[PDB]
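The lines below spell out each chain.
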Amino acid sequence: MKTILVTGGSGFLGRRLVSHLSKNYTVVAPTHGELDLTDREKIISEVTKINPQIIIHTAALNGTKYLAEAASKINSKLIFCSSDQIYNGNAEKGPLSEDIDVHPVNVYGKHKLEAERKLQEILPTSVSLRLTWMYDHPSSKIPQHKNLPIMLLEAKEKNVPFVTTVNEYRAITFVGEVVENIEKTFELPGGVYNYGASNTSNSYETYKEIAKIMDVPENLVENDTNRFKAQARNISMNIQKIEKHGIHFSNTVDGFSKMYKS
Amino acid sequence: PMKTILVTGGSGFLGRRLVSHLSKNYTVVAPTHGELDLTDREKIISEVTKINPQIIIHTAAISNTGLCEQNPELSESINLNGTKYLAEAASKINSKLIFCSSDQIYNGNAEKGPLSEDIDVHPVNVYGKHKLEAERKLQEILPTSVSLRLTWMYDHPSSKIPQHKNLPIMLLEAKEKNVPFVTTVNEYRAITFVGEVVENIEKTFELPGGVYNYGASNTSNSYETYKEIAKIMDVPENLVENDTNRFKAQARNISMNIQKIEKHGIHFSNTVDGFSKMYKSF
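Structure determination for this PDB entry is given in the record as X-ray crystallography, at a resolution of 2.80 Å.

Peer 1: Even after reading the chapter, I still don't get the UniProt feature "domain: RmlD-like substrate binding" (unreviewed entry) in chain B, so can you show me in this structure?
Peer 2: The feature "domain: RmlD-like substrate binding" (unreviewed entry), as given by UniProt, occupies residues 4–264 of chain B in the numbering adopted here. The annotated region residues 4–264 of chain B carries 34% helix and 16% strand content, and the separation between its end C-alpha atoms amounts to 23 Å.

Peer 1: Can you walk me through the packing of helix α7 (residues 222–232) of chain B against helix α9 (residues 271–281) of chain B in this structure?
Peer 2: Two quantities define a packed helix pair, namely the angle between the helix axes and the distance between the axes. Residues and elements named next belong to chain B. Their axes nearest at 10 Å, the elements α7 and α9 cross at an angle of 15°. Between α7 and α9, the angle is such that the two are roughly parallel. Here α7 and α9 pass one another in a crossing that is right-handed. Within the contact between the two elements, α7 uses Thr225, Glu228, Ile229 and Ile232 and α9 uses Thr271, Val272, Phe275, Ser276 and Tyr279.

Peer 1: Looking at this model, I keep getting lost on the sheet that holds strand β2 (residues 27–29) of chain B. Mind explaining?
Peer 2: Sheet strands pair via backbone hydrogen bonds, and the direction of the pair is either parallel or antiparallel. Residues and elements named next belong to chain B. Here we have six strands laid out as an open sheet, ordered β2-β1-β3-β4-β5-β10, and parallel in their pairing. Edge strands, defined here as strands with exactly one partner in the open sheet, are β2 and β10 (210–213). Pairwise comparison of adjacent strand axes, ignoring direction, gives a mean angle of 25° for this sheet. Bridge count between strand β3 (residues 55–58) and strand β4 (residues 96–102): four bridges; the pairing is parallel. Opposite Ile57, over in β4, you have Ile98 as the bridge partner. Each of β1 (4–7), β3 and β4 touches helix α3 (residues 72–93); the most contacted strand, β3, lies at about 175° to it. Along the sheet, helix α4 (residues 126–141) contacts β4, β5 (146–150) and β10; its crossing angle with β4, the most-contacted strand, is approximately 160°.

About the cut-offs
Residues numbered from 1 in each chain as written, not as in the entry; some residues may be left out. Chains lettered and ligands numbered in written order. Heavy atoms only, no water. Residues with missing side-chain atoms left out of burial classes, pairs and counts. UniProt positions renumbered as here; feature names shortened; annotations may be inferred. Helix = DSSP H or I, 4+ residues; strand = E, 2+ residues; numbered from the N terminus. Axes fitted to C-alpha atoms, helices over the stretch in contact; angles between N-to-C directions. Parallel < 35°, antiparallel > 145°, perpendicular 65-115°, else oblique. Left-handed = near helix turned anticlockwise from the far one by under 90°. Contact = heavy atoms within 4.5 Å. Pairing = 2+ DSSP bridges.

This is how it looks when you write it as structure tokens:
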């Protein structure tokens, strides 16, 4: 049985991955205390002692550079969780491809892009997955942060409108479609891959459409057109590179009903 | 679907071992101290109610978050209260609660040999008193609850899963540090491999409510036990030290009699065989 190291096993995506990979794998999910990525040599030792054949990096500079080098001495396969936020500085239209030049405008986008770029340097075999904003079922038994469906529920519950805009093109993904597709990335050649649902409509129309399935009034979803006024934020991904390998994600609205009616 | 199980302290020593073992034939819900704060009665009742575990495995231990032996005197108070709250929540949904007790409840007995679960017990320290006092508050509230008196446990010295410094790791390092490990012949204590504890946990689910000794047996004292385990690991004998000053007045006999547990089909190897077994499988 192949052994897999998952960083941040207590986070949203980490616990789901460990609890899913625990079926047919030996999953080692160290804590922040048990594996602290600010210590170069401790990272080397644990990764050297654990000997994971695959490393899933989900936590959020130094931690990545040190963990990447540790994977590099043992010829390990590292899956880094990147973000669609790398595209937030792009002025183009439509689903973006992985070979387009990106210039993130905020801290989050620049740090994910720079962590992935240092990853390609150290260990070209490592795979970068550009993730979206994710969620589980509002009424899921597994803990989750305050994400999309949950915020639309509290717009109806608190009667406070949810503020979005038509100047953002964003896709949201169900965590399971990411959790149930994660094994396929292990065999993918090293590179950067868009990894999530697709979206052809803007966030106002997208969240308006999801508002009917959850039966919240449409008016509790607001279109603030002053946001992204200067340049619209288009982080809609083109996941066709990932589909040539057999990995498929349903689109934002379809993927939502699929899990919601279950 | 399949039966849903709640494990408290899923990041702790016994919690992680259980979650990764039970995630295989069950749906394991392991909230953090954040999502399952055991200091608030009502989130516990609400959270346990919306979760609906058919089985609740209590690891019963402060996450240390919210303390750091910096007010050791509330640990006793909140740790029975958390068990006290979970007992109501399990009782409110007719759930099966598996409580991790301790063999340290026997540390005040002057008898000799393996001790039984019906023994009159008079724990001498806070932890022995706290588990017995937690045991009795659980049985008051939820008679169906199963209390397992656990021992000091361990994983393989060179295991891939992180663990704190338990026996084998302390003996390896007596050799590395050249500093002897200090034990005594005035303590009769059993240690169990954690895997033999996790792979027997499903059998306790159908077990009638009560208190059960749940671990390895031991007929030898701690000096002889750790010497024999040190020889298997190739630590010299002289790195195991005999402090005759410990428990001089009354010897600490917490060796358990696992006769109740074998009658229900649950079997544990004795301390040294169980160590020799797991040391080799690696």
